[PDB]
Amino acid sequence: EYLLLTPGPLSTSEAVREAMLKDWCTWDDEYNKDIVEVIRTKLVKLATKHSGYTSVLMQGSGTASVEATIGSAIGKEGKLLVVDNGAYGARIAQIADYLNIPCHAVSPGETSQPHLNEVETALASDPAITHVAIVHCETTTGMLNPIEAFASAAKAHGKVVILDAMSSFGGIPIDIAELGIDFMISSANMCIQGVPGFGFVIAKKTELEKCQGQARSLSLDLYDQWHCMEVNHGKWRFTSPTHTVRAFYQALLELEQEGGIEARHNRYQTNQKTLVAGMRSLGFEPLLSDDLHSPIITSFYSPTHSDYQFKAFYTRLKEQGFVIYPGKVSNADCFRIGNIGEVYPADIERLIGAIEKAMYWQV
Amino acid sequence: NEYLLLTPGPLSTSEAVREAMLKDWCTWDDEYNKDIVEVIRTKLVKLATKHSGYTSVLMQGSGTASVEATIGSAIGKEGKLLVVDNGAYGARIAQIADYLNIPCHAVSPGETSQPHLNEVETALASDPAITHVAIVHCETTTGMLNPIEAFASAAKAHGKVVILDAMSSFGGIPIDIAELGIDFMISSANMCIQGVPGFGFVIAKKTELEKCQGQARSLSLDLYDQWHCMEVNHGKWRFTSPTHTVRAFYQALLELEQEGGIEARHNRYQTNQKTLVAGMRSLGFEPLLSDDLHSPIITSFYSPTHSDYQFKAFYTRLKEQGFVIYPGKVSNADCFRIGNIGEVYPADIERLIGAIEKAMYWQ
Ligand SMILES: Cc1ncc(COP(=O)(O)O)c(CNCCP(=O)(O)O)c1O
Ligand SMILES: Cc1ncc(COP(=O)(O)O)c(CNCCP(=O)(O)O)c1O
Ligand SMILES: [Cl-]
């Protein structure tokens with residue numbers, strides 16, 4: 001019943017959920033070859049039109065895939081450069097800390113875009129960096145980060161590039177081979193519009209090969225997981241979330257049917273721009289300037305009316321069939337509205353009407 | 001439902017457990033965290049013990065991620081593990097300790113043998129550096145039921161922390177983890193509870209779980225941090241959880257209560273397993289283990305010694321009749337397995353025995 005205006009888990013189509021009504025055996029080819037290997041093939045082609053890439057699927061939250069990448073790719077003498085401008089870049093630094101990996105972090109603040117000169121300066125002044133981690137859509141605020149110039153700078157400096165594309169892959173066109181991304185992480189449940197249960201890594205095969213024997217976790221051993229899928233035709237070393245994987249297979253078919261990432265991006269971009277215009281017509285201000293907006297999720301300042309309360313606003317909107325999202329900026333009073341999943345222009349129009357009816361602090 | 005999965009899990013789930021997945025949830029909303037997650041947590045502790053002092057943590061990923069979260073979070077920098085290795089899951093515990101650089105002494109009596117309490121006792125007495133012990137309750141490798149009471153009792157007498165891998169027993173074999181002196185019991189969403197895969201869980205003695213704070217070797221698998229967030233944020237999972245699989249689990253817990261609880265499920269499983277063994281013997285099949293070592297969960301049988309017998313051909317012929325059996329997992333034994341859990345009833349075992357006979361192409 002609710003329309004979830006979240007970044008994911010979000011409102012999935014009826015067919016994506018119905019695809020979960022079948023049980024699968026984890027040791028049978030009908031699952032491994034017919035479902036898993038197909039997802040792997042499709043994911044690589046979605047990420048790039050070029051050769052040399054491969055995919056690995058990993059059980060757990062998308063954070064477990066980010067952690068599997070960091071912990072498996074970085075050697076004993078490695079150092080990670082993190083571009084931190086929100087919770088996800090900060091979480092990458094936190095993973096490095098847990099795994100005792102030295103970290104250089106450029107942290108301009110949660111509402112600031114990192115400048116190319118900041119990444120270039122870190123690379124030029126710290127030769128110990130071996131790896132660079134960047135976030136494509138910083139979901140914290142919904143900022144769209146300029147990943148091309150950062151990846152380009154890192155590659156020119158001979159670094160391995162890790163991209164957290166959790167909230168962008170499948171909704172924002174990117175060719176990870178052209179961008180020079182060595183490891184791209186993304187989610188089953190955001191722009192692809194599947195359900196949560198696993199994440200995945202699309203990696204340059206020669207870079208993934210270097211991960212062998214370097215892992216800091218058995219569950220999160222990226223090369224071991226990949227090797228098993230490679231030689232055992234899709235087999236996950238340990239139990240996988242079968243139903244969610246089959247839902248993902250369905251989500252990939254619906255993305256092809258929509259017209260691919262280009263068509264999905266166009267829908268998302270139209271939803272986001274329509275939402276921003278609608279919100280401005282009601283007196284809401286986006287937290288970020290329009291040039292920094294992603295087409296995925298948008299942060300808005302909380303109304304400054306003395307009677308405004310997020311909980312009361314959230315409840316009134318839920319009563320009208322819409323679930324909005326908490327702000328994630330520690331120094332700003334804000335909220336978020338995603339426009340992905342089963343969200344179409346007609347939904348944005350109904351939403352704007354519902355937000356006006358939920359503005360209890362105004363006649 | 002083309003097949004009945006005679007696997008240890010993922011298995012054949014009820015229609016209501018799968019139908020429960022047809023709803024989307026917001027990971028930041030109380031209708032999911034308080035109404036679904038906190039209820040599962042409360043129910044899981046009461047299922048594990050009738051006593052106070054215990055708590056639960058849910059962890060995204062395979063059950064292995066939960067075992068690894070326990071080992072990596074519970075064991076300090078100077079800790080040492082004693083593990084009984086009498087199958088693949090005891091061996092995997094030793095492998096996790098190796099990945100995490102945790103000193104580990106394995107007691108390996110063989111995969112068709114129960115650990116000798118004298119060897120365990122001697123290993124404990126002669127090595128005061130051991131801080132932790134681990135054992136697998138139902139060794140799914142063979143379907144062996146391990147003697148956990150005497151093992152846990154010996155470890156407790158030696159002042160050790162007891163870890164129980166009850167992946168394939170919890171919910172199908174009556175146990176009171178407080179009475180047994182288990183400090184951490186790991187189990188999964190998709191075995192005797194009959195949910196779908198997606199997450200595992202740990203039921204721990206609260207005072208023991210508290211010692212895990214700050215000791216974790218993984219952010220994703222930080223047991224105390226995951227628990228603390230669920231405790232103070234009313235069910236909130238730090239990172240995205242497999243919502244649909246969690247809601248399916250909530251439904252699986254209701255169906256276990258409706259069945260008559262662990263006592264009734266155990267009785268069904270015991271009857272299934274004993275009926276299956278008698279049926280298999282009538283066809284000339286020999287179980288790997290002596291009857292006194294059988295768990296009521298899954299049974300391993302020796303491969304027929306006919307020169308034309310091949311597991312793949314037998315497996316296919318059974319699939320054609322609507323049954324999915326399971327490959328053998330024993331070191332130095334040619335064998336196969338048949339689970340009798342999930343939506344498996346006496347009438348299914350009877351149909352299975354008929355189907356096994358029709359699949360005996362070499363006779
Ligand atoms: C950009 C970005 N990177 C990582 C993650 C973490 O994904 P998981 O929650 O671990 O699957 C996210 C997640 N954002 C949506 C979930 P939230 O609870 O709001 O963090 C992300 O956007
Ligand atoms: C006793 C026991 N311990 C751990 C596990 C591992 O669980 P996950 O596969 O990681 O969820 C199991 C699993 N057995 C069933 C799956 P299989 O592919 O046969 O290992 C277990 O039984
Ligand atoms: Cl419901």
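Just so it is clear: chains get the letters A, B, ... in the order the sequence lines come, proteins before strands, and each one is counted from 1.
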Among [options], who wins on heavy-atom pairs under 4.5 Å with chain B?
options	result
A:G71, A:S219, A:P241	A:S219
A:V66, A:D28, A:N100, A:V16	A:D28
A:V195, A:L99, A:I95	A:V195
A:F238, A:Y325, A:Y2	A:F238
A:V323, A:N189, A:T12	A:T12
A:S61, A:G60, A:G341	A:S61

Which region of [X], side chain (C-beta onward) or backbone (N, CA, C, O), has a non-hydrogen atom less than 4.5 Å from a non-hydrogen atom of chain B, or is it both or neither?
X	result
A:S217	both
A:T63	both
A:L4	side chain
A:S187	neither
A:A215	both
A:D224	side chain
A:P326	side chain

Is there a side-chain contact between [X] and [Y], using heavy atoms and a 4.5 Å cut-off?
X	Y	answer
B:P10	A:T239	yes
B:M21	A:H243	yes
A:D221	B:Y99	yes
B:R18	A:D23	yes

Q | Backbone N/O of A:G197 and side chain of B:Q60: donor-acceptor pair under 3.5 Å | A | no

Q: Mark yes or no for whether A:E67, through its side chain, and B:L219, through its backbone, hold a donor-acceptor pair below 3.5 Å.
A: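 Yes.
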
Largest heavy-atom contact set with chain A, pairs under 4.5 Å, which of [options]:
options	result
B:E19, B:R92, B:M59	B:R92
B:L11, B:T245, B:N1	B:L11
B:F199, B:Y315, B:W237	B:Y315

Q: Answer yes when B:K319 and A:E30 have at least one side-chain N-carboxylate O distance shorter than 4.0 Å, and no when they do not.
A: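 Yes, B:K319 and A:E30 are salt-bridged.
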
Q.
Using the rule given for salt bridge (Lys or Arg N to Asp or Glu O under 4.0 Å), can you reason through A:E1 versus B:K23, listing the C-alpha separation, both sets of side-chain angles and the distance that settles it, and then say yes or no?
A. CA-CA 9 Å; A:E1 206 91 328; B:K23 181 170 171 179; over 6 Å; no

Q.
Rounded at 0.5 Å granularity, tell me how far CH2 in B:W28 sits from CZ in A:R336.
A.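 Rounded to the nearest 0.5 Å, the CH2-CZ separation comes out at 7.5 Å.
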
**Q.** Contacting region of B:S12 [heavy-atom separation from chain A under 4.5 Å]
**A.** both

